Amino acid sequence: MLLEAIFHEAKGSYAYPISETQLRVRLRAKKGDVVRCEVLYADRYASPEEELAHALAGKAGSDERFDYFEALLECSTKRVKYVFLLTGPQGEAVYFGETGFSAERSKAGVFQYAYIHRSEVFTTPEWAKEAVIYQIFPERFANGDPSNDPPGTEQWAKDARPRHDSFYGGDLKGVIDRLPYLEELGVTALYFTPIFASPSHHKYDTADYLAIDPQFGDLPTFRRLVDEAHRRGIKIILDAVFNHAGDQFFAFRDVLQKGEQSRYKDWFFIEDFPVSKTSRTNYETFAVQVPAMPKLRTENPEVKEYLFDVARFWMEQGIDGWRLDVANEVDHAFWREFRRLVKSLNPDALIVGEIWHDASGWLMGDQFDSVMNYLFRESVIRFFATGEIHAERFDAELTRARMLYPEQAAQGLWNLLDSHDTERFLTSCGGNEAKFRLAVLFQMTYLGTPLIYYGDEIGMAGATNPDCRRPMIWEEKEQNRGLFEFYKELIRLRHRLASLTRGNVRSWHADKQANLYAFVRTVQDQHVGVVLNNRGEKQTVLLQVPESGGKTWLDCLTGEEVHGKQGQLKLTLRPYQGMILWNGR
């Protein structure tokens, strides 16, 4: 075998505890290069003569070029040393240890996970493990209070097409009035984009972190919203913009006024005074040359303390978690301490980051609970919407992403289809509802946290920002109720099937020709197989199914009862049809 392609490290996503006495370990090798992977381990202090314990590492999946093997080590002592025994296709075996590879175990050396502290077991909120989150763009969800509308608010109609500076009067009172709707849909949490006081239309340039923007509401109204959503089993998540503040931020206006005499000058990154200019700026900002968005020096104990007080203030209002913005530009110490603060105030408070690249450095257990799964969106777009990739590629991309972080993070990843900054998924599907639905069926049954973008559940369409920010369609006759019921049904199933929320995922079938993909979610003895026929054709397929997993399944969507004969399940799907097979366990 090709040893230079084999990999493992005793940390990060390849070695991490799931409990105080259990260490999950993962190893990758060139695809098809390793047939069997066994882990020989023992307590780090075991005598050089004691027998080692064996752990067969099953193949958790494979992507474009790699095979992923996964094992679980039982370490009652909370300390462990281990070596891998790898067997190739033609029987050649080799031990893989910290020292390297060798036919002899001793020369291979041994990896070591020094100690498993309970405080370092990646732990996330139970409710978030089976949540369905709904993204609200407040300005356009519901206008419950016309008296707070910005000057020049345009009419709220379906035939409306938002402009970069449009206004429709969306506010918090509206969200309250429409909570019955959200409860009926079945969402377990609402995620709001910035709603703190800001002079701009987007609100990403914060003026007052301790106040709701007047056009959206005020503290009393926000408290009501929190309480009304809670009694309806709906949690509240706010968007925290701690990387940078607005130019109206009290601290920044002070610097603009007193210059180098300001007591808050070190709360920012200023090259030279005075602080301003035309098309020019002498201080670090969000992105490049964005005057209204001066970057905050979070490394400053004073800045950190202030933002932490902001965090305390809103959590005291009863919110259930945070969605960080440009989190990757704030230092790690801030995030480690942020988690400590947040969790000490509310163990169930969720911390979600938004990072457009490998976020492993933030998903170890000491910082964020999860991040936006942009990888999930890209794979769903190219597979169900544009058709740029086929079932096998789809499978590879999905698997590769899955092996990116520890299972506690991957299990809570926010799986979005679109957002206020992208075209609506329906439009990506060119208006084809059959493709749109197949994608939602996948989203609702895949590993991670489903995130619904307001309006998608009733079939709203739209081009990217700002056309994706149209006023929510509330007229029932104008809503796609067929779709609405589809979402509600998928949501109900997800809550009733433990494997869809707390189960693992394994690819079941992948056919590039028929463009059909199937996977299985598993929890204990329960198995739920999802088969997706992503073709505008009636296709038939043969799936492998050993009696151990059962011989009878039930399609939770149609009630049909399928039967496997001789370890095979014959299925015939309609164009863009998806089946959700439950093994009755």
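Residue positions are given as counts along the sequence shown, with the first one as 1.
As the entry records it, the average C-alpha temperature factor is higher for 144-152, out of 313-321 and 144-152. Relative to one another, 513-521 and 541-549 have unequal mean CA B-factors, and 541-549 is the one with the higher figure. The PDB entry gives the largest Cα B-factor of the residues 402, 244, 477, 424 to 477. For the set 409, 93, 438, 176, the PDB entry puts the maximum C-alpha B factor at 93. In this PDB entry, the Cα temperature factor of residue 373 sits in the bottom third of its chain's modelled residues, the lowest group. Looking at the C-alpha B-factors along this chain, the one for residue 15 belongs to the lowest third. Among all modelled residues in its chain, residue 264 ranks in the highest third by Cα B-factor. Among all modelled residues in its chain, residue 103 ranks in the highest third by Cα B-factor. Among the modelled residues of its chain, residue 495 has a C-alpha B-factor that falls in the highest third, as given in the PDB entry.
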